[PDB]
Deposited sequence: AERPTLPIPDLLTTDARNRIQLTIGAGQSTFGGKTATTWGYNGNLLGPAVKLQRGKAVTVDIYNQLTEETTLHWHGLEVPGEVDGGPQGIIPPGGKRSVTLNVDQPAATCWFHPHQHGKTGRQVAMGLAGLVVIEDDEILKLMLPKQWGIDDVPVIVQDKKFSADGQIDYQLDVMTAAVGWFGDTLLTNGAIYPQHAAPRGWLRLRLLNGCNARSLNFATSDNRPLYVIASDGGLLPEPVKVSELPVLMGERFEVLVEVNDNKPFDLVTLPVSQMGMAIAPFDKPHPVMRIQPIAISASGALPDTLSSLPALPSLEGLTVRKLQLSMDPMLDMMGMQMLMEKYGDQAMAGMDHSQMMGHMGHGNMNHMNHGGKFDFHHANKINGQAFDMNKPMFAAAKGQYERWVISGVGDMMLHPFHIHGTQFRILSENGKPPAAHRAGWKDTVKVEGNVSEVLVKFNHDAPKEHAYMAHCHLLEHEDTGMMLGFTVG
């Protein structure tokens, strides 16, 4: 019998107007074997923090780990001071408080650690949570909204484990090149769970929370997914797709029809990324089973969802060029180890390594922001991965941007709205980006590749705003 899909608690402010998040180590069970894991308000993963546009929420964060961590609100438009990048250190056994002055549209964002050089490991150990932002607009739509019934978060992650059951994380020459990936897929921390969903429309809030693995969602029987939202919020209208690529750290919300009785699976399809199509990921891989039930639901697929502003005119905009690179020795050694271990299937569908990944010729330097961006002004950022064939989902803190061109082409319709991530893979991308909030040298915004092992080995830059 498949375990039921764990549903993260939807966390709102308490009596005192505060939200409390504890970061700690505990135990989880995978395939009948115990493993040390980390979680927010629990042993693994975390809650969904519920925020409202125009309202302030104070979060008290208690680090009960025996090492330093930070807490970053991925997708949130907040000042550098509360961004929780690598400078936002929470001492082990300590507490830091932040006030989130939420001022962006309804969206599914998320939160996770950003410890300098160790973010890959800290996510792999289990730290990730969700953010549900609501506004006046979205609540007027007749979208499915019964949390954990017909409005369901789906955090999809791979891991690998050693024979003793423990999470087998390493940042080594291979993983610094191609990323940390595993052979076991988790859905809100469970292996191939089932979710009982009302007949009618089911809303899934999908997060690719893998360190390095890209995903491609579809249904087992090829029924369509209706995309209603991306990283930064609602699309102007639903986009019908038969499959949905999702890069590391991206979110999409989809609606899917729930028939009367017969179950079906959400699946992920094999991707063309180095290392990611090794069995059992060489074939469609189940993510979770959806089991129809006959209980109350009234969610609908609306004809129109929202209104996007026009892209800003390109004339006069500051252009910033971000050249991603990997030391040729890392690229070659990394690919060699991958090929030697796994053989040709590692390419199906296609010297210190600790500072071998770079932007504009420089591995991340926490003490030296690369540039000062303007506040309240659209800029055009041009991000290139010409020079290697690794996947680089490029993510910029402090903003939700518009993609102008994604890796050689205009963005697909469902990726043309509000995004915090853009694909860079052997080509060049352009985003139109505005920062509404300040970030000083001491608490700078990060712009980085969200393949975490690249990030941890230097593919990140700091920038100030204001």
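So, counting the deposited sequence from position 1, which segments are absent from the coordinates?
Gaps in the modelled chain, taken against the deposited sequence, lie at 1, 352-373.
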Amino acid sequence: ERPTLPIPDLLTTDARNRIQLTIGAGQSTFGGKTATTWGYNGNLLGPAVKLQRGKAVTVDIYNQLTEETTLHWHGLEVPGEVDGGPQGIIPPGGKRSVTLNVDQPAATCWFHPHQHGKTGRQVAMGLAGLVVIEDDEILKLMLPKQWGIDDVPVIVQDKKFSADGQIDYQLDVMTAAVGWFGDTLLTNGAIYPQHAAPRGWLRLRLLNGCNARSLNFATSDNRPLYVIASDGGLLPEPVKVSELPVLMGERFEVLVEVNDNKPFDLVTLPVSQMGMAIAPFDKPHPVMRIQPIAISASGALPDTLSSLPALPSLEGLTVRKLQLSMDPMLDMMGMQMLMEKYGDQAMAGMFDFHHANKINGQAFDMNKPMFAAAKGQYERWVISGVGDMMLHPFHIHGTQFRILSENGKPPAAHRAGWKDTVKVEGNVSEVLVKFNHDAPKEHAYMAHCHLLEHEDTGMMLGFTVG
From here on, numbers count along this sequence of modelled residues.
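If you superpose the two forms and keep the largest set of C-alpha atoms that fall within 1.5 Å, you have the rigid core.
Taking RMS over all structures and residues, which stretch has CA atoms farther from the shown form in 7 other deposited structures of this protein, 308-316 or 108-116, after a rigid core fit?
When 308-316 and 108-116 are compared in 7 other deposited structures of this protein, the bigger C-alpha shift is seen for 308-316.
Superpose by the rigid core: which stretch, 296-304 or 377-385, shows more Cα shift in 7 other deposited structures of this protein?
The answer is 296-304, which departs more from the shown form in 7 other deposited structures of this protein.
Which is higher on average in the deposited entry, the C-alpha temperature factors of 436-444 or of 41-49?
According to the PDB entry, the answer is 436-444.
Going by the mean C-alpha B-factor recorded in the entry, which is higher: 277-285 or 69-77?
Between 277-285 and 69-77, it is 277-285.
Kindly indicate the residue among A196, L206, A190, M370 with the greatest C-alpha B-factor in the PDB record.
By C-alpha B-factor in the record, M370 ranks first.
Looking at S230, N259, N216, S242, which one carries the largest C-alpha B-factor according to the PDB entry?
Going by the entry's C-alpha B-factors, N259 comes out highest.
Ranked by Cα temperature factor within the chain, is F351 in the lowest third, the middle third or the highest third?
According to the entry, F351 has a C-alpha B-factor in the chain's highest third.
By the recorded C-alpha temperature factor, relative to the other modelled residues in its chain, which third is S384 in?
Tercile = middle for this residue's CA B-factor.
Tell me, lowest, middle or highest third: where does the Cα B factor of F401 rank within its chain?
Lowest third, going by the recorded CA B-factors of the chain.
Sorting the chain's modelled residues by C-alpha B-factor, tell me whether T34 ends up in the lowest, middle or highest third.
Answer is highest: the recorded C-alpha B-factor places it there.
Going by the entry, which third of its chain does the Cα temperature factor of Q157 land in?
Its C-alpha B-factor belongs to the lowest third of this chain's values.
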